[PDB]
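Enquirer: To be precise about what I am sending: the file is called upload28.pdb and holds PDB, C-alpha atoms.
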```pdb
ATOM      1  CA  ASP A   1      11.424-166.059 146.848
ATOM      2  CA  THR A   2      13.706-167.390 149.584
ATOM      3  CA  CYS A   3      16.599-165.965 147.568
ATOM      4  CA  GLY A   4      15.328-165.459 144.031
ATOM      5  CA  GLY A   5      16.858-168.830 143.245
ATOM      6  CA  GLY A   6      19.597-170.884 144.857
ATOM      7  CA  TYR A   7      18.456-170.071 148.385
ATOM      8  CA  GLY A   8      20.132-171.880 151.265
ATOM      9  CA  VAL A   9      18.621-174.018 154.014
ATOM     10  CA  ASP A  10      18.730-171.236 156.604
ATOM     11  CA  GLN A  11      18.829-168.331 154.150
ATOM     12  CA  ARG A  12      15.854-166.094 153.373
ATOM     13  CA  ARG A  13      15.133-163.052 151.206
ATOM     14  CA  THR A  14      14.720-159.653 152.863
ATOM     15  CA  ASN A  15      11.405-157.826 152.500
ATOM     16  CA  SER A  16       9.881-161.184 151.566
ATOM     17  CA  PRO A  17       6.741-162.889 152.939
ATOM     18  CA  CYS A  18       7.277-165.520 155.632
ATOM     19  CA  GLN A  19       5.150-168.217 157.269
ATOM     20  CA  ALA A  20       3.353-167.901 160.606
ATOM     21  CA  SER A  21       5.594-170.513 162.228
ATOM     22  CA  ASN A  22       8.639-168.702 160.845
ATOM     23  CA  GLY A  23       7.879-165.968 163.360
ATOM     24  CA  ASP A  24       9.541-168.188 165.953
ATOM     25  CA  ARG A  25      12.719-168.850 163.970
ATOM     26  CA  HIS A  26      15.837-167.004 162.810
ATOM     27  CA  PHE A  27      17.424-167.036 159.353
ATOM     28  CA  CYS A  28      20.694-165.653 157.987
ATOM     29  CA  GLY A  29      20.366-163.396 154.958
ATOM     30  CA  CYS A  30      21.609-164.755 151.637
ATOM     31  CA  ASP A  31      24.563-162.407 152.123
ATOM     32  CA  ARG A  32      25.455-164.247 155.330
ATOM     33  CA  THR A  33      26.267-160.783 156.673
ATOM     34  CA  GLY A  34      23.029-160.222 158.564
ATOM     35  CA  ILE A  35      20.248-162.130 160.303
ATOM     36  CA  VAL A  36      16.557-161.603 159.549
ATOM     37  CA  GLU A  37      13.487-162.785 161.458
ATOM     38  CA  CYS A  38       9.896-163.326 160.328
ATOM     39  CA  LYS A  39       8.151-160.181 161.566
ATOM     40  CA  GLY A  40       4.869-158.628 160.470
ATOM     41  CA  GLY A  41       4.647-161.440 157.945
ATOM     42  CA  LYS A  42       7.873-160.313 156.290
ATOM     43  CA  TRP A  43      11.563-161.084 156.796
ATOM     44  CA  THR A  44      13.214-158.186 158.622
ATOM     45  CA  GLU A  45      16.831-157.810 159.736
ATOM     46  CA  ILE A  46      17.208-158.177 163.503
ATOM     47  CA  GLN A  47      20.970-158.669 163.777
ATOM     48  CA  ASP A  48      24.119-157.812 161.823
ATOM     49  CA  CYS A  49      26.852-160.442 161.529
ATOM     50  CA  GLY A  50      29.114-157.914 159.833
ATOM     51  CA  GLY A  51      30.858-160.545 157.746
ATOM     52  CA  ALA A  52      29.504-162.884 155.080
ATOM     53  CA  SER A  53      29.926-166.040 157.161
ATOM     54  CA  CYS A  54      26.513-166.406 158.797
ATOM     55  CA  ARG A  55      25.145-169.937 158.435
ATOM     56  CA  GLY A  56      22.163-171.696 159.983
ATOM     57  CA  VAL A  57      19.996-174.801 159.719
ATOM     58  CA  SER A  58      16.770-175.605 157.871
ATOM     59  CA  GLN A  59      15.104-175.357 161.281
ATOM     60  CA  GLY A  60      16.438-171.852 161.837
ATOM     61  CA  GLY A  61      18.942-171.142 164.584
ATOM     62  CA  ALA A  62      20.753-168.713 162.299
ATOM     63  CA  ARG A  63      24.237-168.041 163.669
ATOM     64  CA  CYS A  64      27.261-166.056 162.491
TER      65      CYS A  64
END
```
Just give me the structure of the file as structure tokens.

Expert:
Amino acid sequence: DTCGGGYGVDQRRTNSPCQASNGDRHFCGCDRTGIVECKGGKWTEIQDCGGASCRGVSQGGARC
């Protein structure tokens, strides 16, 4: 459910369940327009990149 299919390395699906360790990592939405973090056990937007150019790594560190 990282992206309903074709998810990236640092891309996650919003309103989706995340891991416990994910709570200490950042991921850029599949739209690459916003950044979401693992909160309350679910991926929630914490930052807005504005443009679809946000890219991160498999280890997190999501950046615009």

Enquirer: Where does the PyMOL selection byres ((chain A and resi 18) around 7) land in this file, that is, which residues does it pick, as a short mmCIF file (atom, residue, chain, number, x, y, z; two decimals) with C-alpha atoms, keeping the file's coordinate frame?

Expert:
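Result file is selection_34.cif:
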```cif
data_model
loop_
_atom_site.label_atom_id
_atom_site.label_comp_id
_atom_site.auth_asym_id
_atom_site.auth_seq_id
_atom_site.Cartn_x
_atom_site.Cartn_y
_atom_site.Cartn_z
CA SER A 16 9.88 -161.18 151.57
CA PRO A 17 6.74 -162.89 152.94
CA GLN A 19 5.15 -168.22 157.27
CA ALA A 20 3.35 -167.90 160.61
CA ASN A 22 8.64 -168.70 160.84
CA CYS A 38 9.90 -163.33 160.33
CA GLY A 41 4.65 -161.44 157.94
CA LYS A 42 7.87 -160.31 156.29
CA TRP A 43 11.56 -161.08 156.80
#
```

Enquirer: Which residues come within 10 Å of residue 33 of chain A, counting all atoms listed in the file, excluding same-chain residues fewer than 2 positions away, as a list in words?

Expert: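 Result of the neighbour search: residues 28, 29, 30, 31, 35, 47, 48, 49, 50, 51, 52, 53, 54, 55 and 64 of chain A.
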
Enquirer: Of the candidates A:58, A:21, A:3, A:14, which one gets nearest to residue 36 of chain A if we count all atoms listed in the file?

Expert: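 Ranked by minimum distance to residue 36 of chain A, first place goes to A:14.
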
Enquirer: Report as JSON the centre and the edge lengths, in Å to one decimal, of the axis-aligned box holding every listed atom of segment 17-33 of chain A, padded by 5 Å on each side.

Expert:
```
{"center_x": 14.8, "center_y": -165.6, "center_z": 158.8, "size_x": 32.9, "size_y": 19.7, "size_z": 24.3}
```

Enquirer: Mind pulling up the distance from atom CA of residue 26 of chain A to atom CA of residue 60 of chain A?

Expert: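 About the pair atom CA of residue 60 of chain A and atom CA of residue 26 of chain A: they are 5.0 Å apart.
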
Enquirer: Using all atoms listed in the file, find the one residue out of A:62, A:44, A:25, A:39 that sits nearest to residue 11 of chain A.

Expert: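 Smallest separation from residue 11 of chain A among the options: A:62.
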
Enquirer: Identify which of the residues A:63, A:32, A:40, A:27 lies closest to residue 10 of chain A, counting all atoms listed in the file when measuring atom-to-atom distances.

Expert: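 Ranking A:63, A:32, A:40, A:27 by distance to residue 10 of chain A, first place goes to A:27.
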
Enquirer: Please rebuild segment 24-37 of chain A with N, CA, C and O atoms and return the result as a CSV table (one decimal), in the frame of the given file.

Expert:
```
chain,number,residue,atom,x,y,z
A,24,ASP,N,8.8,-167.7,164.8
A,24,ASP,CA,9.5,-168.2,166.0
A,24,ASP,C,10.9,-168.8,165.5
A,24,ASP,O,11.3,-169.8,166.2
A,25,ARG,N,11.5,-168.3,164.5
A,25,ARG,CA,12.7,-168.8,164.0
A,25,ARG,C,13.6,-167.7,163.4
A,25,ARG,O,13.1,-166.7,163.0
A,26,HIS,N,14.9,-168.0,163.3
A,26,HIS,CA,15.8,-167.0,162.8
A,26,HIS,C,16.5,-167.5,161.6
A,26,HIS,O,16.9,-168.7,161.5
A,27,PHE,N,16.8,-166.7,160.6
A,27,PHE,CA,17.4,-167.0,159.4
A,27,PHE,C,18.5,-166.0,159.0
A,27,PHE,O,18.4,-164.8,159.2
A,28,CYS,N,19.6,-166.5,158.4
A,28,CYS,CA,20.7,-165.7,158.0
A,28,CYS,C,20.5,-165.2,156.5
A,28,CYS,O,20.5,-166.1,155.6
A,29,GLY,N,20.5,-163.9,156.3
A,29,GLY,CA,20.4,-163.4,155.0
A,29,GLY,C,21.2,-164.1,154.0
A,29,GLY,O,22.3,-164.7,154.3
A,30,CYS,N,20.9,-164.1,152.7
A,30,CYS,CA,21.6,-164.8,151.6
A,30,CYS,C,23.0,-164.2,151.6
A,30,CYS,O,23.9,-164.9,151.1
A,31,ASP,N,23.2,-163.0,152.1
A,31,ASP,CA,24.6,-162.4,152.1
A,31,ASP,C,25.4,-162.9,153.3
A,31,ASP,O,26.6,-162.7,153.3
A,32,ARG,N,24.8,-163.7,154.2
A,32,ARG,CA,25.5,-164.2,155.3
A,32,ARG,C,26.1,-163.2,156.1
A,32,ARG,O,27.0,-163.4,156.9
A,33,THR,N,25.7,-161.9,156.0
A,33,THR,CA,26.3,-160.8,156.7
A,33,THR,C,25.3,-160.2,157.7
A,33,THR,O,25.7,-159.5,158.6
A,34,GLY,N,24.0,-160.7,157.6
A,34,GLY,CA,23.0,-160.2,158.6
A,34,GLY,C,22.0,-161.3,158.8
A,34,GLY,O,21.7,-162.1,158.0
A,35,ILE,N,21.3,-161.2,160.0
A,35,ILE,CA,20.2,-162.1,160.3
A,35,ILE,C,18.9,-161.5,160.3
A,35,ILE,O,18.7,-160.4,160.8
A,36,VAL,N,17.9,-162.1,159.6
A,36,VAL,CA,16.6,-161.6,159.5
A,36,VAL,C,15.6,-162.6,160.2
A,36,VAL,O,15.7,-163.8,160.1
A,37,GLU,N,14.5,-162.0,160.8
A,37,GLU,CA,13.5,-162.8,161.5
A,37,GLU,C,12.1,-162.5,160.9
A,37,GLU,O,11.8,-161.4,160.4
```
